[PDB]
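This text opens with one protein chain seen in two forms, each one given by itself as structure tokens under the names structure 1 and structure 2.
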Structure 1
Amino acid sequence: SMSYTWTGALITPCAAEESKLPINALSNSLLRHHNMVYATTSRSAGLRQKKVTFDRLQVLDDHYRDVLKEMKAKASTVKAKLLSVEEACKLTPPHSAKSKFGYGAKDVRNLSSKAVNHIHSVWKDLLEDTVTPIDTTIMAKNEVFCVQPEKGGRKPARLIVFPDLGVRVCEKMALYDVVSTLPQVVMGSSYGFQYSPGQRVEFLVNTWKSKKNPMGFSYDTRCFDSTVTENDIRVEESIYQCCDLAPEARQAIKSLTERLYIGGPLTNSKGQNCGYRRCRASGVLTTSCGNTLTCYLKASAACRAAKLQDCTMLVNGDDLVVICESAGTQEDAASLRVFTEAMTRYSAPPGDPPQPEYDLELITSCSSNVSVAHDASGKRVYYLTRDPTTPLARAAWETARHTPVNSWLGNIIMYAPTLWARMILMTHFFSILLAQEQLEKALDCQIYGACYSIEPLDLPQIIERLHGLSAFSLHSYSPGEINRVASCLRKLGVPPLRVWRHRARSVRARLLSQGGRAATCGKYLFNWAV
């Protein structure tokens, strides 16, 4: 069936949508080719609609059926509980869209009688009505990127579809305990969300080294959420039901699947009907868990169809990496084509055709890749890195326009061991913090699904806990990594690494001069510049 059917009404914004990077001095200090940085807006919604709208034809075979039975057997060992209204309220994120029913996320978190009474009413309706399609709002996402001339230049905005806040809290009551435990049990070491960057690296490196002659590939499904069929969503519900659940949870899971997850009406910010969805909604509680289970099921089956040898998979939602034993250059190329044809039959066609890789560093998944450097004693230390283009463009944007969200700080934390986060991001931002006497002001930081209130002076301790002390002494980075960073700097017009090393010595000196926690930042975060 068609992933979407549209009416003609437009996907409208609900506030000011800025698309251009403002000519600012502080930002230009970091990046000069400002015209290459842009943000998506509702203006490009039409383009996105075209690419996410298509007919899905799905043909399953015994490989798929066998994997699904194996998964259900594992799911049958899971026990999960219903969350109470109060627990679901307390776990509601601080800045989610307010309800159309008169209350917002703050009221939910504070257990206001208005929110609590309304949620009880939504829950009761979920149990008593298992068919009426539930309303969802469709919006174009506003995200910052760097133009890619070698392609369509600017990419169109992603479309997010989500139900009202009251329903969102009810989804947690029914499924929070399921989505936070089921994938791990069913997929074991293949469940990517259980890993921190270093633990992800550890699993990838140990897996790579375990093969006699390793071969690996990333698989990029074209518009994954759109490829998810009704059958896929009902298969997900059948896996959830294998768990030992409370009677009300079963009834609510079934109702949410029928009324919301399989599809339903799309309403714009103006209240007009935009169309109908028959694929995955990006904004429901089960999007992550559902996509991970479905990707794992389809890929597991496709590995069997392709007779790939001793496969080990790593799955994060729609992102997939497979490492296996190589059967030879042309054998591998042929087997990957068979793998792709199976994925295509299962309704997960590729965006870019997958390619066999024999160098672990060249495999990119979750926009990241493993790389190697050396610690103080010269020992090899593997770590997770990524192309710094998007992180830098966003850092420049946030430097120019105050942002309730500080992605740059999230990048400094998640990519602390990297050459670019250490030399460019840390230097640039601490320079600013010192100049504005804001070294002690906490900043909101979105990382791994949660919004933290982070004090810059806590960075040393945060990095040590997440990455270990070696993150402060890594050196002798790989040539591929050094070259990628250097190229990105040229492309973006950001000063070369020598300019940053110089700027960092100044920053470090300034930190040491203050002693205390500030000195600690100077000692550990900038030990590399000395």
Structure 2
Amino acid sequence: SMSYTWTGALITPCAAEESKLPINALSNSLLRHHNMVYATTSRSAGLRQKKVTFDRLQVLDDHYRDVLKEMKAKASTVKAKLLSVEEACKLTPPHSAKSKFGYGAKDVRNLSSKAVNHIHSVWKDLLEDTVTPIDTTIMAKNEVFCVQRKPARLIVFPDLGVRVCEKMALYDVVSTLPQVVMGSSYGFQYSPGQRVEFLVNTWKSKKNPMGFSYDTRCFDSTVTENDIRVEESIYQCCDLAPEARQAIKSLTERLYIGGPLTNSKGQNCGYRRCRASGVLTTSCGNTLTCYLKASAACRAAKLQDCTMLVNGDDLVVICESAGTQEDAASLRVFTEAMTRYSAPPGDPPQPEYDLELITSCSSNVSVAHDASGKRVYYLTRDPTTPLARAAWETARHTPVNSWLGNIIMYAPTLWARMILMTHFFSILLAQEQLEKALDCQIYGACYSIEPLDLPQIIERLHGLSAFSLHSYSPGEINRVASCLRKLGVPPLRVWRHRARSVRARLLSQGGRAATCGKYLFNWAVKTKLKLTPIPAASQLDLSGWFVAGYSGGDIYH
């Protein structure tokens, strides 16, 4: 069937949409080539509609059913709990989209009777009706890129009342089931340090390692009704309260499988028969379905000593080489199988023989050296999109601070340390906003973070070496430098100079600010301070951080 059917009604915005990079007195300190940076708007949604709309065929074989059997056996060991309304309400982001039914995210968060009443009525209707399609909204995402333009990605989500109900029925399932079913292959269980460790240990466990990323073309659109019913059958294996079983069946039939699409103006835009990108089960559903199809395709292709790492639709496979000819043929069979399962590639996958050439979760492994001269592996990326987004956030407040998410996940990198840390701490100092909690997204869930807790956060996720890395690889250095030239970003020498001021300013203020100056900017000075384990790091409550993925899942921690 068709991933989508369209009426002709346009996908519409709520507010005016800026596409040109907004400029203020701080923009030029970061980036000169403003016209390189753009944001997507609803006005390009028609272009995206074209791409995501296609027929899906699916041919399922013994490997497919075999792997599914294994997954269900593992799922059967999972006991999951129903969340109370209030419990589910407290998981709602403060900024989440308001209900069509007279209340908003803040009414949910502070448990207004109006919100709670409606949520109970929604839950009741779920138990009683397992057939009536549930309305969704389709919106266009506003996201920031550098020019090579990408059309806007789309988001499809049910009403707020429904979203709290999903949490009630499925928050525990989607948080706990994936690791049990997929074990070490489940990517969202790892911090950056743990993930790079897993990638490096896996690479080193092969006699002759070969690896590849598999880019499915528009994954969500490839997801069929079969896939969604299959994922429900996996959920149903869990030990669940009777109400949870019924609500899960109901949400599957009425929401997850498909439904009508409505724009922000309330006009019918068409019908969805594929994965909605804005439901609680988006990340878990995609991860299970990706792992099932890939695991079975590995068996079809007869990959040797094959290890998978899966983050939703993001997949990397590391195995034993049979030489370049056989590896290319193997990957073709793997791709043929994935295609039969309804997950054809975007870019065809290529076998890689150097771990550092493999991009997965938008990141590649690279090497640097710590204080002792010891080798340290870390995850990095082309800093173009991070810097384009940082530029936008220099002039505009956004509900999610990409810059902060990037500093947290890419702390050990040359570009996050030299540029992002220097620029944004300078801004926080000038506004006297060091103390102010900032929102960011980690594995799709929303967190309120205090920038002053960064040293502890970084110690916990990357280790102390994150504060002492040097002697970066020529390849990493060249990619960073070439990016700075492209965007018109001041050279790293300018950033070192600026950093020395930021550092001294932070040290002058004492307390947690001085700690930031000491740890985050030790790289900026010749005569370094001694960086010992931070006392406060040991008390940090980072439970919930690297448990599961929640992209589009409307989750706040």
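Under this definition, the rigid core comprises the largest set of C-alpha atoms superposing within 1.5 Å between the forms. Counting starts at 1 and follows the sequence of structure 1.
Student: Do residue 189 and residue 448 share a rigid part between the two structures (two-part split, each C-alpha placed by better superposition fit)?
Tutor: They fall in different rigid parts.
Student: With the larger rigid part held fixed, what angle does the smaller part turn through between the two structures, rounded to the nearest degree?
Tutor: Comparing the two forms, the minor rigid body swings through 9 degrees.
Student: Superposing on the core, what C-alpha displacement does residue 516 show between the two structures, in angstrom?
Tutor: For residue 516, the alpha-carbon shift amounts to 4.0 Å.
Student: For residue 492, what C-alpha shift in Å results between the two structures following superposition on the rigid core?
Tutor: A shift of 1.0 Å at the C-alpha.
Student: Once the rigid core is superposed, tell me how far the Cα of residue 444 moves between the two structures, in Å to one decimal.
Tutor: C-alpha displacement of residue 444 between the two structures: 3.2 Å.
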